[PDB]
């Protein structure tokens, strides 16, 4: 009945402005958490993680799905998509996890494809071939969105994670496509495959589809750094409406809330990083802005609870600590994550400018 909405600059549940406080699961098994009957293996862990999330007083978990095509989606011999997975179980798994997350009053952000790295030749061609992308939409995505759109706790689909990881930086007259600066900033660290035009086209079309199947659905993109989603500081905001729509005429092919990832390189913030500024200077009040991904290990050592508090105080609509499974570089431990989540526990400060309601009470389905 009531689903998380995005209005103006804020998230809203049941009218009450909400602040997304939680963690990245990102995964239990990289790229094989759902689909091909793999959910039987990872499921218990993920559910338990949702438990920890709620007990620590959080409301959101960010979970990756397709990732690098290891299970999702199913391609044929020609690189066209046939189904969600070979065993056709993906939708059931996701649906299940959504049910549990709801039962524990936790929202989920389903990240479709990875973009930091994408070493799958079929997924890589989804950016270039329109018919293959359409095959993915028709045979995989549209069924997923259609089947899962009646689920609260499904608060947003993220089309692409860090599209700058596999960006091919280059010059272009069109503001949106030009990437002249990003090369020196360290973009394309996963290999320079996709020019900005192709990424914006892809995202355009994915988001378009998701919204065609689900008018309410919140679509987003989670970027490496802030250099990509703000017009201030001489930077550029590529994933706003005009640019996306500019790449592939889908008017509704737009994200509904921006998102920035941030880490300290050498223990030094980027000068204009989310924690050295506030939401407001990024001049993106037309949509909400979430800080998906941050780690109190790759910060300036402000303190984890101090980082959550910073996010809640300086206008940001959410803050997600980086990976709950405690693995990789620049990742907090699940314990310290829990600790930080306890900083905004049971909080509700709807006095504007401040984060808002944290502990949300989510519905079930209406059906019929």
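Positions refer to the first chain, counted from 1.
Remark: stretch with higher mean C-alpha B factor among 55-63 and 302-310 is 302-310. With 72-80 and 229-237 compared on mean CA B-factor from the PDB entry, the stretch scoring higher is 229-237.
As recorded in the entry, 251 carries the highest CA temperature factor of 92, 124, 220, 251.
The entry lists C-alpha B-factors for 102, 161, 285, 86, and the highest of these is at 285. When the modelled residues of the chain are ordered by their C-alpha B factor, residue 330 lands in the highest third.
Residue 10: CA B factor lies in the middle third for its chain, per the PDB record. In the deposited entry, the Cα temperature factor of residue 140 places it in the lowest third of its chain's modelled residues.
Split the chain's modelled residues into thirds by C-alpha temperature factor. Residue 359 is in the middle one.
Among all modelled residues in its chain, residue 110 ranks in the lowest third by Cα B-factor.
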